[PDB]
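Shown next: my_file.txt, containing compact mmCIF, N, CA and C atoms.
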# COMPACT_ATOMS: atom_id res chain seq x y z
N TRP A 210 11.91 -83.44 -10.60
CA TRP A 210 11.75 -83.65 -12.07
C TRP A 210 11.30 -82.33 -12.68
N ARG A 211 10.42 -81.62 -11.99
CA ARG A 211 9.93 -80.31 -12.47
C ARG A 211 11.11 -79.35 -12.53
N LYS A 212 11.98 -79.40 -11.52
CA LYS A 212 13.19 -78.54 -11.53
C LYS A 212 14.08 -78.89 -12.73
N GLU A 213 14.23 -80.18 -13.03
CA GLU A 213 15.06 -80.61 -14.19
C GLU A 213 14.43 -80.09 -15.48
N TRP A 214 13.10 -80.15 -15.55
CA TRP A 214 12.38 -79.68 -16.75
C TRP A 214 12.62 -78.18 -16.89
N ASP A 215 12.63 -77.45 -15.77
CA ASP A 215 12.87 -75.99 -15.76
C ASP A 215 14.29 -75.70 -16.24
N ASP A 216 15.26 -76.53 -15.85
CA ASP A 216 16.64 -76.36 -16.35
C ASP A 216 16.64 -76.56 -17.87
N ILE A 217 15.89 -77.56 -18.32
CA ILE A 217 15.82 -77.82 -19.79
C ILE A 217 15.21 -76.58 -20.43
N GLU A 218 14.21 -75.99 -19.78
CA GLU A 218 13.50 -74.80 -20.31
C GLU A 218 14.46 -73.62 -20.40
N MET A 219 15.32 -73.45 -19.40
CA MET A 219 16.33 -72.36 -19.41
C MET A 219 17.29 -72.59 -20.58
N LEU A 220 17.69 -73.84 -20.80
CA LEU A 220 18.56 -74.10 -21.98
C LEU A 220 17.81 -73.71 -23.25
N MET A 221 16.56 -74.15 -23.37
CA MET A 221 15.75 -73.84 -24.57
C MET A 221 15.54 -72.33 -24.60
N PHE A 222 15.51 -71.70 -23.42
CA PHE A 222 15.40 -70.22 -23.37
C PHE A 222 16.67 -69.65 -24.00
N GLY A 223 17.81 -70.29 -23.74
CA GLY A 223 19.07 -69.85 -24.37
C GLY A 223 19.00 -69.99 -25.87
N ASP A 224 18.40 -71.09 -26.36
CA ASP A 224 18.24 -71.29 -27.82
C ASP A 224 17.37 -70.16 -28.37
N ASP A 225 16.28 -69.87 -27.65
CA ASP A 225 15.36 -68.79 -28.07
C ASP A 225 16.17 -67.49 -28.12
N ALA A 226 17.03 -67.26 -27.13
CA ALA A 226 17.84 -66.02 -27.08
C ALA A 226 18.79 -65.97 -28.28
N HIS A 227 19.38 -67.10 -28.65
CA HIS A 227 20.29 -67.15 -29.83
C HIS A 227 19.50 -66.84 -31.10
N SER A 228 18.29 -67.38 -31.17
CA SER A 228 17.43 -67.11 -32.35
C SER A 228 17.16 -65.62 -32.37
N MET A 229 16.94 -65.04 -31.19
CA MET A 229 16.64 -63.59 -31.06
C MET A 229 17.84 -62.79 -31.54
N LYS A 230 19.05 -63.24 -31.20
CA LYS A 230 20.29 -62.55 -31.65
C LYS A 230 20.38 -62.61 -33.17
N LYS A 231 20.05 -63.77 -33.76
CA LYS A 231 20.07 -63.86 -35.24
C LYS A 231 19.05 -62.88 -35.80
N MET A 232 17.89 -62.79 -35.15
CA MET A 232 16.81 -61.89 -35.62
C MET A 232 17.26 -60.44 -35.54
N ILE A 233 18.00 -60.08 -34.48
CA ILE A 233 18.51 -58.71 -34.29
C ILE A 233 19.53 -58.41 -35.39
N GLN A 234 20.34 -59.41 -35.74
CA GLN A 234 21.28 -59.20 -36.86
C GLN A 234 20.46 -58.92 -38.12
N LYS A 235 19.37 -59.67 -38.29
CA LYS A 235 18.51 -59.48 -39.48
C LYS A 235 17.91 -58.08 -39.47
N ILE A 236 17.03 -56.97 -36.78
CA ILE A 236 16.49 -55.81 -37.55
C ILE A 236 17.64 -54.89 -37.93
N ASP A 237 18.88 -55.37 -37.81
CA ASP A 237 20.05 -54.48 -38.07
C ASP A 237 19.97 -54.02 -39.53
N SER A 238 19.59 -54.93 -40.43
CA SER A 238 19.42 -54.53 -41.85
C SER A 238 18.06 -53.84 -42.03
N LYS C 197 -8.43 -108.10 2.91
CA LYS C 197 -7.73 -108.90 1.87
C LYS C 197 -7.10 -110.14 2.51
N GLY C 198 -6.89 -111.19 1.73
CA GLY C 198 -6.30 -112.42 2.27
C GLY C 198 -4.85 -112.20 2.65
N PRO C 199 -4.39 -112.71 3.79
CA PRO C 199 -3.02 -112.49 4.23
C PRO C 199 -2.01 -112.99 3.20
N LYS C 200 -2.35 -114.07 2.50
CA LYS C 200 -1.46 -114.53 1.42
C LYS C 200 -1.45 -113.43 0.36
N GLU C 201 -2.63 -112.88 0.05
CA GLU C 201 -2.70 -111.80 -0.96
C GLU C 201 -1.90 -110.61 -0.46
N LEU C 202 -2.07 -110.26 0.81
CA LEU C 202 -1.32 -109.10 1.36
C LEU C 202 0.17 -109.40 1.30
N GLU C 203 0.58 -110.62 1.64
CA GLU C 203 2.03 -110.93 1.62
C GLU C 203 2.54 -110.76 0.19
N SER C 204 1.80 -111.26 -0.80
CA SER C 204 2.27 -111.11 -2.19
C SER C 204 2.39 -109.64 -2.56
N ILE C 205 1.38 -108.82 -2.27
CA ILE C 205 1.54 -107.40 -2.70
C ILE C 205 2.70 -106.75 -1.95
N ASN C 206 2.85 -107.06 -0.66
CA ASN C 206 3.93 -106.41 0.10
C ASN C 206 5.26 -106.79 -0.52
N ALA C 207 5.39 -108.00 -1.04
CA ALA C 207 6.62 -108.24 -1.83
C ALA C 207 6.66 -107.17 -2.94
N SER C 208 5.59 -107.09 -3.74
CA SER C 208 5.53 -106.13 -4.88
C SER C 208 5.56 -104.67 -4.42
N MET C 209 4.90 -104.34 -3.32
CA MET C 209 4.85 -102.96 -2.78
C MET C 209 6.26 -102.57 -2.34
N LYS C 210 6.97 -103.51 -1.72
CA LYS C 210 8.37 -103.23 -1.32
C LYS C 210 9.17 -102.99 -2.60
N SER C 211 8.88 -103.78 -3.63
CA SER C 211 9.60 -103.61 -4.91
C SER C 211 9.31 -102.22 -5.45
N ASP C 212 8.06 -101.76 -5.34
CA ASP C 212 7.65 -100.43 -5.84
C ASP C 212 8.38 -99.35 -5.04
N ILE C 213 8.53 -99.54 -3.73
CA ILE C 213 9.26 -98.56 -2.88
C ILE C 213 10.72 -98.50 -3.34
N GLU C 214 11.28 -99.67 -3.68
CA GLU C 214 12.68 -99.70 -4.18
C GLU C 214 12.73 -98.94 -5.51
N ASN C 215 11.70 -99.11 -6.34
CA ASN C 215 11.65 -98.42 -7.65
C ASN C 215 11.60 -96.93 -7.37
N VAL C 216 10.85 -96.51 -6.35
CA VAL C 216 10.73 -95.08 -5.98
C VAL C 216 12.09 -94.55 -5.53
N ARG C 217 12.84 -95.36 -4.77
CA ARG C 217 14.20 -94.94 -4.35
C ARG C 217 15.08 -94.77 -5.59
N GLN C 218 14.94 -95.69 -6.55
CA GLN C 218 15.74 -95.62 -7.79
C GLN C 218 15.35 -94.33 -8.52
N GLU C 219 14.06 -94.00 -8.51
CA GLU C 219 13.55 -92.80 -9.20
C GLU C 219 14.11 -91.56 -8.51
N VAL C 220 14.22 -91.59 -7.19
CA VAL C 220 14.81 -90.45 -6.42
C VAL C 220 16.27 -90.31 -6.83
N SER C 221 16.96 -91.44 -7.00
CA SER C 221 18.36 -91.37 -7.47
C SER C 221 18.39 -90.73 -8.86
N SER C 222 17.44 -91.12 -9.70
CA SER C 222 17.38 -90.58 -11.08
C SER C 222 17.13 -89.08 -11.02
N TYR C 223 16.28 -88.64 -10.10
CA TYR C 223 15.94 -87.20 -9.95
C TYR C 223 17.19 -86.46 -9.50
N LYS C 224 17.98 -87.07 -8.62
CA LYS C 224 19.25 -86.45 -8.17
C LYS C 224 20.19 -86.33 -9.37
N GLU C 225 20.22 -87.35 -10.23
CA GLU C 225 21.07 -87.29 -11.44
C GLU C 225 20.57 -86.15 -12.33
N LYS C 226 19.25 -86.00 -12.41
CA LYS C 226 18.65 -84.95 -13.25
C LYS C 226 19.08 -83.61 -12.66
N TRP C 227 19.10 -83.50 -11.34
CA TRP C 227 19.49 -82.26 -10.64
C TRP C 227 20.95 -81.96 -10.95
N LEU C 228 21.80 -82.99 -11.00
CA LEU C 228 23.23 -82.80 -11.35
C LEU C 228 23.35 -82.30 -12.80
N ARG C 229 22.54 -82.85 -13.70
CA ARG C 229 22.57 -82.38 -15.10
C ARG C 229 22.13 -80.91 -15.10
N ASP C 230 21.14 -80.60 -14.28
CA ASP C 230 20.59 -79.23 -14.21
C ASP C 230 21.70 -78.32 -13.70
N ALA C 231 22.51 -78.80 -12.76
CA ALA C 231 23.65 -78.04 -12.19
C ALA C 231 24.72 -77.80 -13.26
N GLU C 232 24.98 -78.79 -14.11
CA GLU C 232 25.93 -78.54 -15.23
C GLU C 232 25.34 -77.44 -16.11
N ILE C 233 24.02 -77.53 -16.32
CA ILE C 233 23.35 -76.51 -17.18
C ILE C 233 23.52 -75.16 -16.48
N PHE C 234 23.41 -75.13 -15.15
CA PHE C 234 23.51 -73.89 -14.34
C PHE C 234 24.91 -73.32 -14.42
N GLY C 235 25.94 -74.17 -14.44
CA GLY C 235 27.31 -73.68 -14.64
C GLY C 235 27.44 -73.04 -16.01
N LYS C 236 26.82 -73.55 -17.08
CA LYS C 236 26.89 -72.77 -18.35
C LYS C 236 26.03 -71.52 -18.12
N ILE C 237 24.93 -71.69 -17.39
CA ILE C 237 24.09 -70.50 -17.08
C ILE C 237 24.96 -69.49 -16.34
N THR C 238 26.06 -69.93 -15.72
CA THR C 238 26.91 -69.02 -14.90
C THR C 238 27.58 -67.91 -15.73
N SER C 239 28.03 -68.20 -16.96
CA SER C 239 28.62 -67.14 -17.81
C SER C 239 27.56 -66.08 -18.10
N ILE C 240 26.34 -66.54 -18.38
CA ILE C 240 25.22 -65.60 -18.65
C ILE C 240 24.97 -64.79 -17.38
N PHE C 241 25.06 -65.44 -16.21
CA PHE C 241 24.82 -64.76 -14.91
C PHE C 241 25.89 -63.68 -14.70
N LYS C 242 27.14 -63.97 -15.06
CA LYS C 242 28.23 -62.96 -14.94
C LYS C 242 27.92 -61.78 -15.86
N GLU C 243 27.46 -62.08 -17.08
CA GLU C 243 27.10 -60.98 -18.01
C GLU C 243 25.97 -60.16 -17.37
N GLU C 244 25.01 -60.82 -16.74
CA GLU C 244 23.84 -60.14 -16.11
C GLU C 244 24.31 -59.25 -14.95
N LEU C 245 25.27 -59.74 -14.16
CA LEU C 245 25.81 -58.95 -13.02
C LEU C 245 26.49 -57.72 -13.61
N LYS V 197 -16.39 -32.28 -46.50
CA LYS V 197 -16.01 -31.76 -45.16
C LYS V 197 -15.63 -30.28 -45.28
N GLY V 198 -15.75 -29.53 -44.19
CA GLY V 198 -15.40 -28.10 -44.23
C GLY V 198 -13.91 -27.91 -44.40
N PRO V 199 -13.46 -26.97 -45.24
CA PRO V 199 -12.04 -26.79 -45.47
C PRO V 199 -11.28 -26.47 -44.18
N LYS V 200 -11.94 -25.77 -43.26
CA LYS V 200 -11.30 -25.53 -41.95
C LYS V 200 -11.16 -26.90 -41.29
N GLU V 201 -12.20 -27.73 -41.37
CA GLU V 201 -12.13 -29.08 -40.75
C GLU V 201 -11.02 -29.87 -41.44
N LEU V 202 -10.97 -29.80 -42.77
CA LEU V 202 -9.92 -30.55 -43.49
C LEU V 202 -8.56 -30.02 -43.09
N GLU V 203 -8.41 -28.70 -42.97
CA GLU V 203 -7.08 -28.16 -42.60
C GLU V 203 -6.70 -28.70 -41.23
N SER V 204 -7.63 -28.69 -40.28
CA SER V 204 -7.29 -29.20 -38.94
C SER V 204 -6.87 -30.67 -39.01
N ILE V 205 -7.63 -31.52 -39.71
CA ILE V 205 -7.19 -32.95 -39.70
C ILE V 205 -5.84 -33.08 -40.40
N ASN V 206 -5.63 -32.34 -41.48
CA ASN V 206 -4.35 -32.49 -42.21
C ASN V 206 -3.22 -32.10 -41.27
N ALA V 207 -3.39 -30.98 -40.57
CA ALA V 207 -2.32 -30.49 -39.68
C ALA V 207 -2.04 -31.55 -38.62
N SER V 208 -3.10 -32.10 -38.03
CA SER V 208 -2.88 -33.12 -36.98
C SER V 208 -2.11 -34.30 -37.57
N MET V 209 -2.59 -34.82 -38.69
CA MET V 209 -1.98 -36.00 -39.27
C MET V 209 -0.50 -35.79 -39.54
N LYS V 210 -0.12 -34.58 -39.98
CA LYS V 210 1.29 -34.27 -40.15
C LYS V 210 2.04 -34.42 -38.83
N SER V 211 1.56 -33.74 -37.79
CA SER V 211 2.21 -33.82 -36.48
C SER V 211 2.28 -35.26 -35.99
N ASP V 212 1.25 -36.05 -36.27
CA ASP V 212 1.26 -37.44 -35.85
C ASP V 212 2.34 -38.22 -36.59
N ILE V 213 2.49 -37.96 -37.89
CA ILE V 213 3.60 -38.54 -38.64
C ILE V 213 4.91 -38.23 -37.94
N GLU V 214 5.10 -36.97 -37.56
CA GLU V 214 6.36 -36.58 -36.93
C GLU V 214 6.57 -37.33 -35.62
N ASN V 215 5.60 -37.29 -34.72
CA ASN V 215 5.89 -37.95 -33.42
C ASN V 215 6.34 -39.38 -33.74
N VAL V 216 5.71 -39.98 -34.74
CA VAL V 216 5.98 -41.41 -35.05
C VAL V 216 7.44 -41.61 -35.44
N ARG V 217 8.01 -40.73 -36.25
CA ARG V 217 9.39 -41.01 -36.72
C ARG V 217 10.30 -41.08 -35.49
N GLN V 218 10.15 -40.10 -34.60
CA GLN V 218 11.05 -40.03 -33.43
C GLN V 218 10.83 -41.27 -32.58
N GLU V 219 9.56 -41.63 -32.37
CA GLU V 219 9.31 -42.77 -31.46
C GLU V 219 9.96 -44.02 -32.05
N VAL V 220 9.79 -44.23 -33.35
CA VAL V 220 10.30 -45.48 -33.98
C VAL V 220 11.82 -45.48 -33.83
N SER V 221 12.46 -44.35 -34.10
CA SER V 221 13.94 -44.35 -34.06
C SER V 221 14.39 -44.68 -32.63
N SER V 222 13.75 -44.07 -31.64
CA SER V 222 14.20 -44.30 -30.24
C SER V 222 14.02 -45.77 -29.88
N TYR V 223 12.88 -46.33 -30.28
CA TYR V 223 12.60 -47.73 -29.90
C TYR V 223 13.67 -48.60 -30.54
N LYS V 224 13.97 -48.33 -31.81
CA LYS V 224 14.94 -49.17 -32.54
C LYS V 224 16.28 -49.08 -31.81
N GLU V 225 16.71 -47.88 -31.43
CA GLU V 225 18.05 -47.73 -30.80
C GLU V 225 18.10 -48.49 -29.47
N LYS V 226 17.06 -48.34 -28.65
CA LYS V 226 17.15 -49.00 -27.32
C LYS V 226 17.20 -50.51 -27.57
N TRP V 227 16.37 -50.96 -28.51
CA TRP V 227 16.27 -52.41 -28.75
C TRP V 227 17.65 -52.89 -29.20
N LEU V 228 18.32 -52.15 -30.07
CA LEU V 228 19.64 -52.53 -30.61
C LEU V 228 20.70 -52.57 -29.51
N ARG V 229 20.72 -51.60 -28.59
CA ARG V 229 21.74 -51.73 -27.51
C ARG V 229 21.47 -53.00 -26.70
N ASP V 230 20.19 -53.20 -26.38
CA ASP V 230 19.92 -54.37 -25.51
C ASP V 230 20.34 -55.61 -26.29
N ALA V 231 20.07 -55.62 -27.60
CA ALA V 231 20.34 -56.78 -28.47
C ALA V 231 21.84 -57.06 -28.54
N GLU V 232 22.68 -56.04 -28.66
CA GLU V 232 24.14 -56.26 -28.66
C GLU V 232 24.57 -56.90 -27.33
N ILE V 233 24.07 -56.37 -26.20
CA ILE V 233 24.57 -57.07 -24.97
C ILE V 233 24.08 -58.53 -24.99
N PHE V 234 22.83 -58.71 -25.42
CA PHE V 234 22.25 -60.07 -25.37
C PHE V 234 23.08 -60.97 -26.27
N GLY V 235 23.49 -60.51 -27.45
CA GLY V 235 24.27 -61.28 -28.43
C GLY V 235 25.65 -61.63 -27.92
N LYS V 236 26.33 -60.71 -27.23
CA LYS V 236 27.63 -61.17 -26.68
C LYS V 236 27.36 -62.34 -25.72
N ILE V 237 26.37 -62.14 -24.83
CA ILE V 237 26.22 -63.27 -23.87
C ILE V 237 25.82 -64.54 -24.64
N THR V 238 25.00 -64.39 -25.69
CA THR V 238 24.47 -65.53 -26.48
C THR V 238 25.58 -66.26 -27.21
N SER V 239 26.66 -65.55 -27.56
CA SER V 239 27.80 -66.14 -28.33
C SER V 239 28.55 -67.24 -27.56
N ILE V 240 29.09 -66.94 -26.37
CA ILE V 240 29.91 -67.96 -25.65
C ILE V 240 29.00 -69.15 -25.30
N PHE V 241 27.80 -68.85 -24.82
CA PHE V 241 26.83 -69.91 -24.47
C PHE V 241 26.45 -70.69 -25.73
N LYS V 242 26.31 -70.00 -26.87
CA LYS V 242 25.98 -70.68 -28.15
C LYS V 242 27.10 -71.63 -28.54
N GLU V 243 28.35 -71.22 -28.36
CA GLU V 243 29.50 -72.10 -28.66
C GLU V 243 29.41 -73.31 -27.73
N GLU V 244 29.04 -73.07 -26.47
CA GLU V 244 28.91 -74.19 -25.50
C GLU V 244 27.82 -75.15 -25.99
N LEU V 245 26.70 -74.62 -26.49
CA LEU V 245 25.58 -75.47 -26.98
C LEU V 245 26.04 -76.26 -28.20
Would you encode the structure as structure tokens?
Amino acid sequence: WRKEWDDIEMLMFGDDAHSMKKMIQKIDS
Amino acid sequence: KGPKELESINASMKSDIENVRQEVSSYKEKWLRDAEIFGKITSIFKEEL
Amino acid sequence: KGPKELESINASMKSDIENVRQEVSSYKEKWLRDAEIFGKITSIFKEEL
């Protein structure tokens, strides 16, 4: 179950990474 | 404990062991979902390589 | 404060301003390259999400 939660965390890590990409587009300006 | 009492819980304790087996099956399903997540993680892994 | 003392602090502060511009530019550039690679990987996975 802890491993499944970690997989969920990696997915949410991907969401965090996408948010980071949006933020980079934003220090681009 | 009374043997009648022990017999009743062992019915229930066996039921709990069955519930634990069902939970292990659920954990395996969770692992399979994690593996699908890992296959999407695979494109990211290729980028990392 | 002594004018010699003031001249020394002013001179330092100028040089400190300078080191800062270069450091900021370098940090921004490295961050931007890493960010572009991260964004390509984030795109296909984002479409998957």
Range 220-238 of chain V: axis-aligned bounding box, 4 Å on each side, centre and edge lengths in Å, one decimal, as AutoDock Vina command-line options:
--center_x 18.7 --center_y -55.2 --center_z -29.0 --size_x 25.8 --size_y 30.2 --size_z 18.2
With all Cα atoms paired residue by residue, do a least-squares superposition of chain C on chain V and hand back the transformed coordinates as an mmCIF file with N, CA and C atoms, keeping the file's coordinate frame.
data_model
loop_
_atom_site.group_PDB
_atom_site.id
_atom_site.type_symbol
_atom_site.label_atom_id
_atom_site.label_comp_id
_atom_site.auth_asym_id
_atom_site.auth_seq_id
_atom_site.Cartn_x
_atom_site.Cartn_y
_atom_site.Cartn_z
ATOM 1 N N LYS C 197 -16.366 -33.335 -43.406
ATOM 2 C CA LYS C 197 -15.781 -32.391 -42.417
ATOM 3 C C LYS C 197 -15.446 -31.065 -43.105
ATOM 4 N N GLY C 198 -15.405 -29.978 -42.349
ATOM 5 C CA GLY C 198 -15.102 -28.668 -42.935
ATOM 6 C C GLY C 198 -13.661 -28.605 -43.398
ATOM 7 N N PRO C 199 -13.376 -28.039 -44.569
ATOM 8 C CA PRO C 199 -12.017 -27.993 -45.087
ATOM 9 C C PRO C 199 -11.069 -27.282 -44.124
ATOM 10 N N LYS C 200 -11.577 -26.276 -43.415
ATOM 11 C CA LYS C 200 -10.736 -25.627 -42.394
ATOM 12 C C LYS C 200 -10.449 -26.680 -41.326
ATOM 13 N N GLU C 201 -11.477 -27.446 -40.942
ATOM 14 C CA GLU C 201 -11.274 -28.496 -39.919
ATOM 15 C C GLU C 201 -10.284 -29.516 -40.454
ATOM 16 N N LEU C 202 -10.452 -29.919 -41.708
ATOM 17 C CA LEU C 202 -9.520 -30.920 -42.291
ATOM 18 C C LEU C 202 -8.118 -30.330 -42.322
ATOM 19 N N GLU C 203 -7.977 -29.061 -42.698
ATOM 20 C CA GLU C 203 -6.619 -28.471 -42.767
ATOM 21 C C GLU C 203 -6.005 -28.506 -41.368
ATOM 22 N N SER C 204 -6.773 -28.141 -40.341
ATOM 23 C CA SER C 204 -6.205 -28.166 -38.980
ATOM 24 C C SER C 204 -5.775 -29.575 -38.603
ATOM 25 N N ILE C 205 -6.618 -30.584 -38.825
ATOM 26 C CA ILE C 205 -6.155 -31.936 -38.391
ATOM 27 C C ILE C 205 -4.934 -32.360 -39.203
ATOM 28 N N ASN C 206 -4.921 -32.054 -40.502
ATOM 29 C CA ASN C 206 -3.778 -32.494 -41.319
ATOM 30 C C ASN C 206 -2.517 -31.846 -40.783
ATOM 31 N N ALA C 207 -2.600 -30.623 -40.283
ATOM 32 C CA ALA C 207 -1.400 -30.128 -39.570
ATOM 33 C C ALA C 207 -1.086 -31.146 -38.454
ATOM 34 N N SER C 208 -2.072 -31.418 -37.591
ATOM 35 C CA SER C 208 -1.877 -32.347 -36.440
ATOM 36 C C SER C 208 -1.584 -33.782 -36.887
ATOM 37 N N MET C 209 -2.226 -34.259 -37.943
ATOM 38 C CA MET C 209 -2.032 -35.633 -38.465
ATOM 39 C C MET C 209 -0.600 -35.746 -38.985
ATOM 40 N N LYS C 210 -0.126 -34.698 -39.655
ATOM 41 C CA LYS C 210 1.277 -34.704 -40.134
ATOM 42 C C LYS C 210 2.179 -34.755 -38.902
ATOM 43 N N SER C 211 1.797 -34.016 -37.864
ATOM 44 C CA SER C 211 2.607 -34.013 -36.628
ATOM 45 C C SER C 211 2.629 -35.421 -36.058
ATOM 46 N N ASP C 212 1.491 -36.121 -36.089
ATOM 47 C CA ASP C 212 1.382 -37.495 -35.553
ATOM 48 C C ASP C 212 2.265 -38.426 -36.384
ATOM 49 N N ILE C 213 2.300 -38.238 -37.703
ATOM 50 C CA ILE C 213 3.161 -39.073 -38.585
ATOM 51 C C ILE C 213 4.628 -38.834 -38.212
ATOM 52 N N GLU C 214 4.963 -37.569 -37.917
ATOM 53 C CA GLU C 214 6.355 -37.253 -37.502
ATOM 54 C C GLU C 214 6.630 -37.960 -36.170
ATOM 55 N N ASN C 215 5.635 -37.979 -35.282
ATOM 56 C CA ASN C 215 5.796 -38.637 -33.964
ATOM 57 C C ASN C 215 6.027 -40.114 -34.227
ATOM 58 N N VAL C 216 5.319 -40.695 -35.196
ATOM 59 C CA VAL C 216 5.464 -42.128 -35.545
ATOM 60 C C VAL C 216 6.874 -42.389 -36.069
ATOM 61 N N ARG C 217 7.405 -41.463 -36.880
ATOM 62 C CA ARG C 217 8.795 -41.615 -37.376
ATOM 63 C C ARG C 217 9.760 -41.582 -36.189
ATOM 64 N N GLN C 218 9.495 -40.687 -35.231
ATOM 65 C CA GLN C 218 10.361 -40.572 -34.041
ATOM 66 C C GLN C 218 10.276 -41.898 -33.276
ATOM 67 N N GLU C 219 9.079 -42.476 -33.206
ATOM 68 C CA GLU C 219 8.857 -43.738 -32.476
ATOM 69 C C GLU C 219 9.612 -44.857 -33.186
ATOM 70 N N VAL C 220 9.639 -44.834 -34.510
ATOM 71 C CA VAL C 220 10.399 -45.852 -35.303
ATOM 72 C C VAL C 220 11.878 -45.692 -34.979
ATOM 73 N N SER C 221 12.339 -44.445 -34.861
ATOM 74 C CA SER C 221 13.749 -44.227 -34.475
ATOM 75 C C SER C 221 13.984 -44.819 -33.083
ATOM 76 N N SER C 222 13.024 -44.607 -32.192
ATOM 77 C CA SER C 222 13.150 -45.118 -30.805
ATOM 78 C C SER C 222 13.200 -46.639 -30.836
ATOM 79 N N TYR C 223 12.403 -47.258 -31.700
ATOM 80 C CA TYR C 223 12.347 -48.739 -31.815
ATOM 81 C C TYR C 223 13.692 -49.227 -32.332
ATOM 82 N N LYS C 224 14.295 -48.492 -33.263
ATOM 83 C CA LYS C 224 15.635 -48.859 -33.781
ATOM 84 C C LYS C 224 16.646 -48.766 -32.638
ATOM 85 N N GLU C 225 16.522 -47.742 -31.791
ATOM 86 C CA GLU C 225 17.433 -47.607 -30.634
ATOM 87 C C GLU C 225 17.220 -48.804 -29.704
ATOM 88 N N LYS C 226 15.963 -49.210 -29.545
ATOM 89 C CA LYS C 226 15.631 -50.340 -28.661
ATOM 90 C C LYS C 226 16.284 -51.581 -29.262
ATOM 91 N N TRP C 227 16.251 -51.713 -30.580
ATOM 92 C CA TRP C 227 16.839 -52.866 -31.290
ATOM 93 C C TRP C 227 18.345 -52.865 -31.064
ATOM 94 N N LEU C 228 18.975 -51.687 -31.075
ATOM 95 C CA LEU C 228 20.432 -51.584 -30.808
ATOM 96 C C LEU C 228 20.730 -52.019 -29.363
ATOM 97 N N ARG C 229 19.879 -51.621 -28.422
ATOM 98 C CA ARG C 229 20.081 -52.046 -27.022
ATOM 99 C C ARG C 229 19.941 -53.574 -26.982
ATOM 100 N N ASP C 230 18.988 -54.090 -27.738
ATOM 101 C CA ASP C 230 18.717 -55.543 -27.762
ATOM 102 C C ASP C 230 19.955 -56.227 -28.329
ATOM 103 N N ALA C 231 20.600 -55.616 -29.320
ATOM 104 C CA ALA C 231 21.834 -56.148 -29.949
ATOM 105 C C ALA C 231 22.988 -56.150 -28.942
ATOM 106 N N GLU C 232 23.095 -55.110 -28.119
ATOM 107 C CA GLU C 232 24.137 -55.144 -27.055
ATOM 108 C C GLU C 232 23.827 -56.320 -26.131
ATOM 109 N N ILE C 233 22.529 -56.488 -25.844
ATOM 110 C CA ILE C 233 22.124 -57.601 -24.935
ATOM 111 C C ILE C 233 22.519 -58.906 -25.631
ATOM 112 N N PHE C 234 22.342 -58.985 -26.952
ATOM 113 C CA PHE C 234 22.640 -60.198 -27.755
ATOM 114 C C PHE C 234 24.128 -60.479 -27.752
ATOM 115 N N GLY C 235 24.968 -59.442 -27.802
ATOM 116 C CA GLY C 235 26.417 -59.648 -27.679
ATOM 117 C C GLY C 235 26.748 -60.220 -26.313
ATOM 118 N N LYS C 236 26.101 -59.820 -25.213
ATOM 119 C CA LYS C 236 26.395 -60.544 -23.942
ATOM 120 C C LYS C 236 25.789 -61.944 -24.108
ATOM 121 N N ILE C 237 24.638 -62.009 -24.773
ATOM 122 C CA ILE C 237 24.034 -63.348 -25.021
ATOM 123 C C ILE C 237 25.044 -64.182 -25.802
ATOM 124 N N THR C 238 25.998 -63.547 -26.490
ATOM 125 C CA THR C 238 26.964 -64.288 -27.351
ATOM 126 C C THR C 238 27.886 -65.227 -26.551
ATOM 127 N N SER C 239 28.338 -64.828 -25.353
ATOM 128 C CA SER C 239 29.174 -65.732 -24.529
ATOM 129 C C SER C 239 28.363 -66.974 -24.167
ATOM 130 N N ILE C 240 27.094 -66.758 -23.819
ATOM 131 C CA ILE C 240 26.199 -67.894 -23.474
ATOM 132 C C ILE C 240 26.044 -68.765 -24.719
ATOM 133 N N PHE C 241 25.937 -68.134 -25.899
ATOM 134 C CA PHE C 241 25.764 -68.876 -27.175
ATOM 135 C C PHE C 241 27.013 -69.728 -27.438
ATOM 136 N N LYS C 242 28.199 -69.189 -27.156
ATOM 137 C CA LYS C 242 29.459 -69.967 -27.331
ATOM 138 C C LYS C 242 29.441 -71.165 -26.383
ATOM 139 N N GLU C 243 29.000 -70.936 -25.140
ATOM 140 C CA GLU C 243 28.919 -72.065 -24.180
ATOM 141 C C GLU C 243 27.939 -73.105 -24.744
ATOM 142 N N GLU C 244 26.834 -72.661 -25.322
ATOM 143 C CA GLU C 244 25.788 -73.572 -25.875
ATOM 144 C C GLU C 244 26.359 -74.376 -27.052
ATOM 145 N N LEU C 245 27.157 -73.723 -27.903
ATOM 146 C CA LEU C 245 27.778 -74.415 -29.065
ATOM 147 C C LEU C 245 28.720 -75.474 -28.505
#
Determine, for each residue of chain C having at least one atom at most 8 Å from an atom of range 213-221 of chain A, the closest pair of atoms and their separation in Å to one decimal, counting only C-alpha atoms; order by chain and ascending number, as a Markdown table.
| residue | atom | partner | partner_atom | distance |
| --- | --- | --- | --- | --- |
| C:223 | CA | A:213 | CA | 7.9 |
| C:226 | CA | A:213 | CA | 5.7 |
| C:227 | CA | A:213 | CA | 5.9 |
| C:229 | CA | A:213 | CA | 7.8 |
| C:230 | CA | A:216 | CA | 5.3 |
| C:233 | CA | A:216 | CA | 6.8 |
| C:234 | CA | A:216 | CA | 7.6 |
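Counting only C-alpha atoms, every residue of chain V that comes within 9 Å of chain C is listed here: residues 233, 234, 236, 237, 238, 240, 241 and 244 of chain V.
Straight-line separation from CA of residue 235 in chain V to CA of residue 228 in chain A: 9.8 Å.
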Handout entry: Interface list for chain A, partner chain V, 6 Å threshold, only N, CA and C atoms, as an NGL selection string
Key = :A and (226-227 or 230)
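Atom to atom, CA of residue 237 in chain A and atom N of residue 225 in chain V stand 9.9 Å apart.
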